[PDB]
Every structure is written in structure tokens, then in C-alpha cells.
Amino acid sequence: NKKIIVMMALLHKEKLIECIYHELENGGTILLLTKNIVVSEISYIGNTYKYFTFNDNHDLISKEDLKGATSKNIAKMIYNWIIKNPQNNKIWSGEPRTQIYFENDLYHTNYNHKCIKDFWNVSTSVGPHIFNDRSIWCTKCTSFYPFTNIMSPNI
């Protein structure tokens, strides 16, 4: 049924916006990536959200005070960006840097299970880009939102 395919899309929307809303209200910062290149940033600085746009040389090319813009309205703007090009448009929520350690042909965060000991000292601080391919990540300590468009590990 077409009505069921529409209902499924509007439900996915409501759930992905709610996910983004909560991520923005918690971490206060989201990176927008197109083909695993950061193209924008929305960060709560002061008492407002600021929308930074970057060029291919990772130079700040724009800075916009979203002023009154709510977390929920920004979440909707971010979904509208994703759904236009869902195979290439992904978002990173939180501090860009993650401590990761390689062992037994898997990469580890130690988020959902302490796979690595003295992790804090044996780990390396690494940018978001490596999380684009979920296949290399340990399924015991590293979990992700069911949404393929959220690159950042859940917790």
C-alpha cells in the first residue's frame, strides 16, 4: 500500500528528528558530512546555535547566528538535508575526537564493554571519519543507532 510506504517514511522522519533533537540537546554540537567530508557544523555557543559552513580546504567560509532557532527546528533542518541525499549525507554528534584501539582485527571504543585494559593510555585520539564504515568496529563494545545517517556511536 502507498499509504503504508508514506506512513513508514513519516515515522522514520519523526524517529530520526527525535534522535537528532536529543543528540543536539545532550552534546550541543553536530558535524554534517557529505561523502565523509565535513561541510558544516551546528554548535551551541553562548545562548544560541551557530551554523558554520566550511570549504573543501576545511576553511570557515560562513558563520550564522541561528538566534531563536530551537533544537527541534534545527533537527528538522538537519533531517531535510539528510533525506535529499541519504546515501552521502551523514552527521557526527559530540566531540569530534574518539579514543580507539586496534586488537584482534577489530577497532574498539570500550563504550558498551571493557574489551581493552589500560585503554585510556593504550588508545589513540582519532577524528570521526573512521566510523563511516561500521564493518571494522567491535560489536561488543561499539554500538550505533539503527539510523545509517548517524555516524557517531550511540553513547
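Numbering starts at 1 and runs along the sequence shown.
Engineer: Averaged over C-alpha atoms, is the B-factor higher for 110 to 118 or for 26 to 34 in this PDB entry?
Structural biologist: Here the higher of the two C-alpha B-factor means belongs to 110 to 118.
Engineer: Compare the mean C-alpha B-factor of 85 to 93 with that of 52 to 60 as given in the PDB entry, and name the stretch with the higher value.
Structural biologist: Higher of the two, by average CA B-factor, is 52 to 60.
Engineer: Which third of the chain does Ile150 land in by C-alpha B-factor: lowest, middle or highest?
Structural biologist: CA B-factor rank for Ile150: lowest third.
Engineer: Name the third of the chain's ranked CA B-factors that contains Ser43, choosing lowest, middle or highest.
Structural biologist: CA B-factor rank for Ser43: middle third.
Engineer: Quick check on the deposited entry: does the C-alpha B-factor of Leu66 sit in the lowest, middle or highest third of its chain?
Structural biologist: Tercile = highest for this residue's CA B-factor.
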